[PDB]
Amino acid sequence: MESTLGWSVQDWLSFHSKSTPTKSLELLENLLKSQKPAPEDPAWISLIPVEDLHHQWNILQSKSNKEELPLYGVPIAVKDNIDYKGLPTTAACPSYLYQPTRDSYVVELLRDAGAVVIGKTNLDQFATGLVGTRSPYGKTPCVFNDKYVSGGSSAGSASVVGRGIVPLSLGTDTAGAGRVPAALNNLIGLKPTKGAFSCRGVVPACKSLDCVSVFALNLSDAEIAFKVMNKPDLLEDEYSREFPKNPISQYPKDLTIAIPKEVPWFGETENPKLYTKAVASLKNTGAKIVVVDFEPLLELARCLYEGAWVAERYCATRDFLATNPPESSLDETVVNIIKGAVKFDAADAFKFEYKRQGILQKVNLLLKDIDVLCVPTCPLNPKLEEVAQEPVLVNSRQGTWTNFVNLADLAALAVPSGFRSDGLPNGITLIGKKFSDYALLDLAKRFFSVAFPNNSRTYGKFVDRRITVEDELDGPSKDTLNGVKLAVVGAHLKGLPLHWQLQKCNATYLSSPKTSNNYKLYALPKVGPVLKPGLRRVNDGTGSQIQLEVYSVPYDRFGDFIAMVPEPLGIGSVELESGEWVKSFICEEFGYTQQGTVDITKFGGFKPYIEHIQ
C-alpha cells in the first residue's frame, strides 16, 4: 500500500494530517503486524496487542486540538527498562517481569504529545553493558551487517530506529548506552543533561548517574523529543532537576572545542580516519579546536571502574537476587558484575566519593576554558564473534570516551561521522556543560553542513537516501524565555556592525515592529568606526514611525549588555505601533543636537540610510 520504513516524525505527521482516523490507523495497524517479537526479531522483547493499539488510538481521539500535538500518532519504542502501562517491564530478565499499572513519566509525556508505543525493546540485561549481547532474549545485530554487534545496552531501540521501523525510541545511558549504539547504527543519540528527563517508572541501574535518552535519524526529531520530555517532576524522582530559563541555543561560531591529546584505538585502523576527518570538518565551521590533556577526565572514568558505583546496581536488584531465581534467566556476566558490590562497605562508598569530588575539582578547572569536547563515540565496531571471545575487554574499550560524562554532570550528543571502508558507520559525540542540549543540537547541524555538504547526509541503514530538511532546528521554544523585551534601531539590527553584542548575551529575536506615531531618527556625528542612530520621542505631532527589531535579553544578562552601551545612547522605553511600551534604545538630547546631526526620519529606519553614502 505504502512504505513506512525510514519515515521521520514529519513524514508521519503530514500523512495523518491529509488522511483519516481509519486510514492512518490502518498504516499503524499493519506497521505493528509486520513486526515479530521473541527470538525471531531479537530487537523487540514484547509488542503491543492489536487491541492495545486501538486503545491508545481511541484516547488519541478524545484529544481535541490534534493538529498541534507535535507527535500525533508517531510510533515509538521503549527500552524494556522504562514502564509503559500497556506492556510488561522485564529489563531483559524473564523472571524480573512485572506489569506496571502506570506509565513512566517520560512515556506519559510522549503519549500526551500524541505518540503511540509499539513495544518494549531489547537491552543488555539490567542495562549492564555497551555491547547489546548480554540478554537471554537474543543478540541484537547491527542494522548494516549481521556479523556485527548493535551496541548496548539500548540494543533494540537503536536497531529499530536504525532500520527505520520507528522514527524515535528511548534508551537509557549511565556510561554510554545511549551514545555507543548511535555510532554503530548511523543514528542520532541524545544523552540529555542529567535530571532533565525524569526517571519515574524506569528501573534504577546507577540511579544517581542514570539518564533516559533518545535515538532518532535526524536533529529535527531529536529536538521534538527533547522538547517533549524536558519536564521537571521534582517530587517523584529524586534526581530530577528543572532546566533554567533562557537556555543557550547556539554556540559562538568560534566556540572552543577541546579534543584529546592521546587517542587510543586498540589496533583499530579505520575509525581513526573518520575521526581525524571529523575534527578537520569542525575546524572549517570556524570552531577553535584545542588539543587538551584529558587525564583528569580519564581519572574520573577510572573511578567508575574501581569504585563502588556497581553497588548502585546491587542496591536496585539485591532483593530480587535473594529470590534466588532460575539461572537460565540471568546473564552470568551481568550478575557477576553486579555482585562485585558485595565486597564494598559503606565506608568504601564514601572513600570513593571523596576521590570522585577530588577529581571533579580538576575536571571543573579544565572545562572553565572550554565549550565543547569532541570525542570519538567509541574506538571499535565489534563483531559478535569478538565479544563472545572477549566478553569484557571489548566492553571496557567501548567505554573509553563515555564513562566520565555523567559523573561530571555533562550533556552529550552522539552524531554520525561518515563510513569506514567496509561500509559500516561511526561517529563523534559532542559533549557540553549542563543545560547546553539545544546548543549541542545546533552545533551538530553546523558540523553536518560541513562534513556532508549540500545534502549528502545519510541516515540509519538508508545509505541511499539524503536528509534535506530533517536536520533543521526550531531552537528553544518561547515558553523558555524570561528576558527583557528590548527594541533596537541601529547598529544592533541583524547584519549591522554590533548585532554580535546581542548574541554574546544570548538575545532571542521576537519581531520587527515599528514605533507608534511619535518619533524622529538621527545619524549622530561619526566618532568611532561605526555609525549609530538615535531615536527621539517628541510630541509636537511631527513624528512618524521608525523600523524596530525587538529581542528578549535574559535578565541575568542585561547588565553584560548595557555595559557596552556608551554615551549618548541609553536604555529607556519606546512605544510601539501597537500601543505597547517596551525597553529600548533612546538618546540624550545632547547627542542628536551636535554639529553634523543628520535628521533621518525620512528614511523609515536606520537600514536604508547606511547604504547610500555606501
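Counting begins at 1, following the sequence as shown.
The PDB entry records a higher mean C-alpha B factor for 498-506 than for its counterpart among 498-506 and 368-376. Of the two stretches examined, 265-273 and 508-516, the record assigns the greater average C-alpha temperature factor to 508-516. The residue among 401, 350, 305, 435 whose C-alpha carries the highest B-factor in the deposited model is 305. In the PDB entry, the Cα temperature factor peaks, among 537, 134, 253, 200, at 537. In this PDB entry, residue 164 carries a Cα temperature factor that places it within the middle third of its chain's modelled residues.
In the PDB entry, residue 558 places in the lowest third of its chain by CA B-factor. Remark: residue 124 belongs to the lowest third of its chain, ranked by C-alpha B-factor as recorded.
In the deposited entry, the Cα temperature factor of residue 358 sits in the bottom third of values across the chain's modelled residues. When the CA B factors of the chain's modelled residues are split into thirds, the value for residue 80 lands in the lowest one.
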